[PDB]
Amino acid sequence: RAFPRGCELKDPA
Amino acid sequence: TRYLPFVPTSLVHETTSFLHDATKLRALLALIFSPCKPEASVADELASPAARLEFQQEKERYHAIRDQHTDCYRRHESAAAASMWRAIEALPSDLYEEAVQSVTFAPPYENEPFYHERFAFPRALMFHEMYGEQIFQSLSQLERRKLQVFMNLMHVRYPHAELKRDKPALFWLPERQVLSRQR
Amino acid sequence: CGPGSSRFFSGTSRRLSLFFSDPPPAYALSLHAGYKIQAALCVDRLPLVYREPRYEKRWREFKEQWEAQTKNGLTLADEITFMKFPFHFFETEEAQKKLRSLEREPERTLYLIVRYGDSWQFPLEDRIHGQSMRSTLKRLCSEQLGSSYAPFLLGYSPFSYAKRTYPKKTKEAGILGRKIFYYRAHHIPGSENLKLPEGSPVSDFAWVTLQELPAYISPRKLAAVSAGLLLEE
Amino acid sequence: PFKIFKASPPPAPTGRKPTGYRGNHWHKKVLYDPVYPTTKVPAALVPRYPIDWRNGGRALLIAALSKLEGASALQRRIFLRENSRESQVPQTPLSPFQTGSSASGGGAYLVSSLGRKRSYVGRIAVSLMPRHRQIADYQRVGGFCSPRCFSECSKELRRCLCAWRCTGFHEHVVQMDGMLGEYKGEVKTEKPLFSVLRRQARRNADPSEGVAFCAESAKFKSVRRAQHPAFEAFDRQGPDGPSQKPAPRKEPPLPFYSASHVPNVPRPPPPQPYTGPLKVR
Amino acid sequence: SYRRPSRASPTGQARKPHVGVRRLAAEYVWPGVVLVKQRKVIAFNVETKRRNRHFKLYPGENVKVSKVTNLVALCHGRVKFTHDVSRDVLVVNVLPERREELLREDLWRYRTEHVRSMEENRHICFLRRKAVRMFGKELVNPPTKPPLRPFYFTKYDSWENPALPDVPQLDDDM
Amino acid sequence: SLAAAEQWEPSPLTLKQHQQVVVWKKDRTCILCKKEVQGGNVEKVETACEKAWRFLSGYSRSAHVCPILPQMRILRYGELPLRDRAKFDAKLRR
RNA sequence: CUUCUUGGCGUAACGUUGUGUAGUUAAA
RNA sequence: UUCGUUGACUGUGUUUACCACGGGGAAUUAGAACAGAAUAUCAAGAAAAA
RNA sequence: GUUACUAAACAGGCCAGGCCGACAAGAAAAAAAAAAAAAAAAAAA
Ligand code: FES
Ligand code: FES
């Protein structure tokens with residue numbers, strides 16, 4: 001199953 | 001009427017003069033802040049590297065040996081406390097109330113107008129009373145001077161230790177005469 | 001360990017009342033879960049002479065000498081050293097140039113032990129229903145040890161407790177056993193020794209050190225009391 | 001004399017900031033309430049008398065006495081108290097090093113100090129007594145032997161001998177006397193506290209029963225009368241059941257009429273916690 | 001000679017306090033929403049008063065305390081209330097959840113309940129919560145349209161306008 | 001036992017372990033002394049600062065005698081970790 | 001092994017706008 | 001401890017509780033991002049045979 | 001799921017519009033002891 005993304009994956013890298 | 005505690009200057013004349021005399025004040029302050037060597041400039045040293053190295057070595061040895069020695073006493077005290085609390089817990093609920101009251105217990109004071117007798121510590125049980133003569137005979141010159149000064153300052157602090165016992169009424173005055181006095 | 005009546009005594013009343021209650025007492029007893037409540041007193045005499053450890057003396061003397069060399073010690077001015085009080089004693093060296101005895105074994109600690117017949121134990125008394133353990137201890141002192149013997153009590157709380165269950169025949173009488181609470185006390189120096197009151201259940205008394213205690217008291221009682229007894233090897 | 005009609009001293013005036021005059025800053029909530037924060041009183045606004053010999057010279061004399069006795073005695077007393085309050089059960093011996101193999105610590109004070117990273121300088125600063133309450137407490141229990149002699153030495157003139165030469169076995173005597181002489185009941189105060197509360201002894205469940213001998217059966221029997229078993233249970237365990245009528249009136253009925261059914265306040269306060277001794281398992 | 005009070009007509013107090021809850025149970029809120037309005041001023045004999053204003057509520061899970069002691073939300077979720085028997089006060093919590101349809105079978109999660117400690121309050125919030133952030137859940141009929149427009153433009157916008165395009169919802173998990 | 005503890009003769013290894021030592025919490029400069037320090041550095045108590053040694057030994061009633069006294073952490077040599085002991089062995093040799 | 005704190009206090013919170021003082025324009 | 005410190009900062013982003021409007025101003029969010037500077041606090045220290 | 005806002009009358013009365021560059025902001029740390037006694041220093045950090 002897919003998983004929700006963490007705080008790291010939401011920063012403007 | 002109702003009275004309030006007080007200590008008039010006349011009954012304590014000694015300490016007032018002691019603290020108002022400039023030279024005695026200077027001596028007391030020097031004793032408090034001894035030594036009086038300066039500590040502001042960088043060049044102010046009251047010791048030397050070798051001197052304080054030897055002092056540190058001696059202090060470390062002393063602390064190590066004292067910790068090695070007193071640890072057995074500490075363990076024994078821990079065991080004794082465990083036993084005491086176990087016994088108190090084993091006591092019945094009727095005796096619980098008395099078994100937690102400490103030596104100095106006394107019923108509350110009433111301002112009217114298991115406790116058989118007042119608590120009084122035998123003066124013969126004080127450590128310095130039991131071993132006063134031996135320690136005094138084994139003291140040094142500086143220690144004797146220290147004891148003398150300690151005595152004299154104790155007396156200065158408490159000129160009326162016996163007078164309070166003898167005539168306690170001299171230290172209680174009415175409100176209407178106490179509250180009307182400036183500081 | 002063995003308090004049996006044969007080893008305790010035969011043909012007496014007050015002594016056997018405490019340990020067996022075979023001659024029933026004249027007062028009301030106090031049971032806690034079927035065990036009679038008793039207070040035990042453990043009076044001690046502190047050493048009469050003072051001993052100081054070498055490391056303490058060495059540290060103190062070295063500090064005094066170091067302070068003298070470095071000129072960092074206390075001032076202690078003459079104006080605060082000499083002001084003519086009745087207790088004044090100081091004077092500069094320059095001006096000077098111009099088994100029942102309390103005195104036994106003064107370098108150790110002693111404990112007062114009591115002989116109930118052939119058994120060596122500590123003073124013991126029963127608690128009468130409704131009275132304080134302090135009152136029980138006072139009665140113990142005044143009736144078993146000496147009418148004028150009043151050692152200093154260290155507190156209202158016991159320092160240890162012990163239990164003893166009676167045999168089948170004795171427990172059939174309605175009392176399962178006796179539970180004892182021990183209390184420490186100090187023999188005030190300069191106070192008179194014991195003087196056994198007439199009719200007191202005590203047969204004899206002694207003042208023994210910790211080392212000699214096991215030579216007289218049973219290992220069970222020693223185990224019960226050693227946790228609270230002071231440390232001295 | 002000793003017996004006297006003492007006057008109740010007037011309360012000391014707690015200062016206040018000259019602000020917030022229209023609000024009630026003296027709610028009875030506990031610091032630090034998230035929704036009822038307490039207004040602080042700055043130390044610079046607490047009214048204090050000007051310094052004279054009664055408050056300053058006495059402090060100087062007590063400080064000189066402490067100097068003569070040595071700050072090491074005060075440090076040792078504080079350390080002994082702190083270690084005693086935390087080592088009331090048998091501990092395993094603790095060394096201060098992972099490989100010393102011979103050095104012993106000297107108390108759980110070591111564990112506490114390591115855990116809190118306590119300030120070596122801070123202990124000396126405390127022992128030097130920079131605060132009024134500290135000097136006042138030294139004037140009262142300053143004696144080294146206080147755990148066993150309390151304030152009896154507060155005026156003794158040879159008291160410094162204890163500080164100078166009370167060590168080893170004598171320190172052990174002081175501690176053993178103090179453990180038996182200290183209080184072990186409930187403390188009752190409304191003032192704030194933030195430290196580990198001193199121990200309160202647990203209380204046993206059963207009480208003691210009085211028994212007297214009866215020769216008619218040659219056995220010991222209870223002193224108290226029989227009563228019905230239900231009455232015995234009510235007297236021993238409590239009211240029984242989850243609900244009962246209130247206590248019957250013990251005073252003669254009032255001649256006048258009063259609305260005794262009315263509660264004291266429209267909105268009663270919250271229940272108070274049980275601060276008394278706990279039971280024994 | 002009657003002293004007319006200053007708060008007589010026409011100079012009475014225009015705006016009333018309006019102290020109390022401003023969001024009911026199960027309502028959806030986001031950070032910054034004032035759950036309860038409260039004031040710092042306190043009456044001089046509070047323990048004798050009876051009006052409900054004087055007795056404040058207490059923050060709980062995902063709730064802050066304001067300068068004037070307002071209780072405000074800190075996460076996207078649904079409101080829940082609890083009763084503290086020990087302190088005899090009401091506690092405001094927010095269970096974190098993403099926007100989705102509020103079903104009848106899920107209403108029990110927002111019941112007001114009795115607790116003895118804030119630890120038990122946190123435990124109950126965890127037990128009633130729907131899902132955790134790190135695992136998420138299958139959203140049941142989540143919204144898909146942009147949010148309501150700013151108040152100063154229009155006060156009476158339409159929720160989930162079918163004429164508007166679908167836009168991603170990437171703010172309600174924070 | 002107690003007798004052996006009273007008669008204890010500390011070995012030189014034990015004395016070295018009991019050697020006191022200053023560990024610096026943070027970087028800082030002395031205002032009046034101008035000394036420069038780095039956090040985590042280890043020094044001997046005797047030579048680290050004489051003015052601070054005054055308070056640490058009992059010949060000063062002021063805790064501000066050394067301007068960076070609060071940045072000190074006084075530990076015994078035996079308590080230090082192996083890494084720090086090896087790293088600063090040279091400056092702690094006495 | 002992401003990050004232990006932080007842009008006052010204020011249970012009366014300062015008079016909005018304007019004028020004046022002051023700030024900004026290698027751009028706006 | 002008699003302990004530091006000045007975040008009682010400089011800016012970009014028009015999103016947000018309340019609501020006639022004005023004074024987001026009885027005194028709402030990390031608009032959880034971004035560009036600078038500053039202050040305080042680290043962590044680890046495991047293993048004591050027969 | 002869920003009971004909470006709400007003082008109109010010249011109704012029964014309240015108001016001091018102010019303090020703080022810091023023991024008043026404030027990191028870390030610390031913080032107030034039953035009864036009785038001693039002391040008569042309005043004293044927790
Ligand atoms: S200070 Fe009281 S007997 Fe030592
Ligand atoms: S480091 Fe310079 S005076 Fe202490």
Side-chain angles (χ1 to χ4, degrees), chain B residues 87 90-99 114 116, chain C residues 3-5 8-41 116-117 121 123-144 156 158 161-183 197 199-202, chain D residues 203-237:
Chain B
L91 272 173
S93 43
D94 325 302
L95 300 167
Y96 174 89
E97 189 217 335
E98 103 168 300
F114 57 90
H116 294 296
Chain C
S5 56
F8 181 80
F9 255 9
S10 302
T12 183
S13 61
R14 177 87 182 267
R15 297 67 154 184
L16 323 189
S17 70
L18 296 172
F19 288 71
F20 301 83
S21 68
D22 286 359
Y27 41 57
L29 290 180
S30 182
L31 311 180
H32 188 207
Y35 288 69
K36 165 173 83 214
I37 285 168
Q38 298 179 313
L41 188 68
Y116 291 112
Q121 338 184 350
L124 168 140
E125 183 85 295
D126 292 4
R127 175 185 127 83
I128 290 144
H129 193 71
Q131 330 171 198
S132 60
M133 300 292 270
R134 162 76 33 109
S135 100
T136 300
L137 291 168
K138 279 189 166 213
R139 197 173 77 258
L140 168 59
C141 286
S142 170
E143 267 170 44
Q144 303 217 339
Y156 296 86
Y161 100 95
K163 205 179 200 186
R164 277 218 163 89
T165 190
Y166 284 144
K168 183 152 216 183
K169 62 182 185 177
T170 299
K171 72 181 284 295
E172 250 312 314
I175 301 187
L176 304 176
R178 54 210 203 73
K179 161 166 47 214
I180 309 102
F181 295 88
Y182 301 88
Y183 303 75
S200 60
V202 175
Chain D
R203 182 210 292 157
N204 194 272
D206 311 309
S208 61
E209 78 218 74
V211 83
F213 185 80
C214 163
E216 306 180 8
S217 59
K219 311 221 140 226
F220 302 82
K221 309 278 226 283
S222 178
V223 287
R224 56 168 101 220
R225 301 182 176 180
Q227 288 207 140
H228 198 259
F231 297 142
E232 293 202 340
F234 180 96
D235 291 314
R236 289 196 179 101
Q237 305 185 7

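All values below come from the heavy atoms of this structure, side chains included, with hydrogens, waters and symmetry mates left out. Numbered from 1 within each chain, the chains take letters A, B, ... in sequence-line order.
Nearest heavy-atom pair, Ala33(C) versus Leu176(C), reported as atom, atom and distance to 0.1 Å: O-CD1, 3.7 Å. Contact record, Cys214(D) with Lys221(D): CB-CG, 4.4 Å, taken as the closest heavy-atom pair.
Salt-bridge formation is detected for the pair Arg14(C)/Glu125(C): a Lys NZ or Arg NE/NH1/NH2 atom is positioned less than 4.0 Å from an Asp or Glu carboxylate oxygen. Ion pairing between a basic and an acidic side chain is recognised when a charged N comes within 4.0 Å of a carboxylate O; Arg203(D) and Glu97(B) show no such pairing.
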N/O donor to acceptor pairs below 3.5 angstrom from side-chain atoms of residues 162-173 of chain C, sequence neighbours left out:
{"from": "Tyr166(C)", "atom 1": "OH", "to": "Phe19(C)", "atom 2": "O", "distance (Å)": "2.9"}
{"from": "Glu172(C)", "atom 1": "OE1", "to": "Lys219(D)", "atom 2": "NZ", "distance (Å)": "3.3"}

Just list the side-chain donor-acceptor pairs under 3.5 Å for residues 127-134 of chain C, sequence neighbours left out, or say none.
{"from": "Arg127(C)", "atom 1": "NE", "to": "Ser30(C)", "atom 2": "OG", "distance (Å)": "3.3"}
{"from": "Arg127(C)", "atom 1": "NH1", "to": "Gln131(C)", "atom 2": "O", "distance (Å)": "2.2"}
{"from": "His129(C)", "atom 1": "ND1", "to": "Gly210(D)", "atom 2": "N", "distance (Å)": "3.3"}
{"from": "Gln131(C)", "atom 1": "NE2", "to": "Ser135(C)", "atom 2": "OG", "distance (Å)": "3.3"}
{"from": "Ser132(C)", "atom 1": "OG", "to": "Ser135(C)", "atom 2": "N", "distance (Å)": "3.1"}

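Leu31(C) is not listed as a side-chain neighbour of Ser208(D), based on a closest heavy-atom distance of 4.5 Å or more. Side-chain contact between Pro23(C) and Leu16(C) is present, with at least one heavy-atom pair separated by less than 4.5 Å. Between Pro3(C) and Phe8(C), every side-chain heavy-atom pair lies at or beyond the 4.5 Å cut-off.
Side chain to side chain, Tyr116(C) and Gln144(C) meet the donor-acceptor criterion of an N or O pair below 3.5 Å. A donor-acceptor pair shorter than 3.5 Å cannot be found between the side chains of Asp94(B) and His32(C).
Within the structure, side chain to side chain donor-acceptor pair (under 3.5 Å) contacts touching residues 16-29 of chain C (residues at least two apart or in different chains) do not occur.
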Between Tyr156(C) and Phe114(B), does a ring-ring contact (aromatic ring centres under 6.0 Å, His included) hold up when you go through it step by step?
CA-CA 9 Å; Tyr156(C) 296 86; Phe114(B) 57 90; 5.7 Å; yes
